[PDB]
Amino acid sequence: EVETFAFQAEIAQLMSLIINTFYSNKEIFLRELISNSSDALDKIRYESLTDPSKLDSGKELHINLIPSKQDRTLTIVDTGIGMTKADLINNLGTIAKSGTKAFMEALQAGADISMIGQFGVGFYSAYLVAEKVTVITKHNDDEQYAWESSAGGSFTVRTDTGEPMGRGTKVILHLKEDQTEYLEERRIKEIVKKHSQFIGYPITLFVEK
């Protein structure tokens, strides 16, 4: 079963702005996704201090960056807390409404798209480089889900039948045809050292076979 949902109007407007605005400094998407992964790793680590069983789904706390030339994808994998079905459909978007409005107003007052993370909605910077984003996620005591959207005002959620992940999130960026530089090892290394060099979890940049 695939369920299709409409974005909140403000989120759809944000996605259109990210897709349509002329803005050359697209590389900031990676720092935003790595920051989200780091936040998710912080959360599971904190919760494990009072409930060690929360790591029964995996003790390693890390971030992997995986390019695929065959699929034209860059995947950001973390073993953080993961997202529930309710997170994916309702709750993260409810939280994001506030930051979206503030970000859009800041842009009209002279802010820049690279500041998106200061409003807590940096996930959507993925659409600077991706025509479609697939999110595979697994939270303890919920199922493994695939969320997906090519924008246009809707997203889907389904139970995921792929390789079980244990716990965490994979953000699969289906890159636009002109954004394949983000598959290059040298380019990702440059961006990670520029914007994400103090993240408190190991970041492994996989190499393409």
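We number the residues from 1 along the sequence you see.
On average, are the C-alpha B-factors higher in 20-28 or in 192-200? Comparing averages over the C-alpha atoms only gives 192-200.
Higher-scoring stretch by recorded Cα B factor average, 127-135 or 109-117: Comparing 127-135 with 109-117, the higher mean C-alpha B-factor belongs to 109-117.
Which one of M83, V77, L74, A102 shows the top CA temperature factor in the record? In this record, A102 carries the highest C-alpha B-factor of the candidates.
Among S35, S149, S57, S48, which carries the highest Cα B-factor? Spelled out: the listed residue with the top C-alpha B-factor is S57.
Please place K170 in the lowest, middle or highest third of its chain according to the CA B-factor in the PDB entry. CA B-factor rank for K170: lowest third.
Taking the chain's C-alpha temperature factors as the reference, tell me which third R158 falls into: lowest, middle or highest. Middle third, going by the recorded CA B-factors of the chain.
Can you work out whether the C-alpha temperature factor of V2 puts it in the lowest, middle or highest third of the chain? Answer is highest: the recorded C-alpha B-factor places it there.
Sorting the chain's CA B-factors, does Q144 end up in the lowest, middle or highest third? Ranked within chain, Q144 CA B lands in the middle tercile.
Is the Cα B-factor recorded for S68 in the lowest, middle or highest third of its chain? For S68, whose C-alpha B-factor we compare with every modelled residue in the chain, the answer is the highest third.
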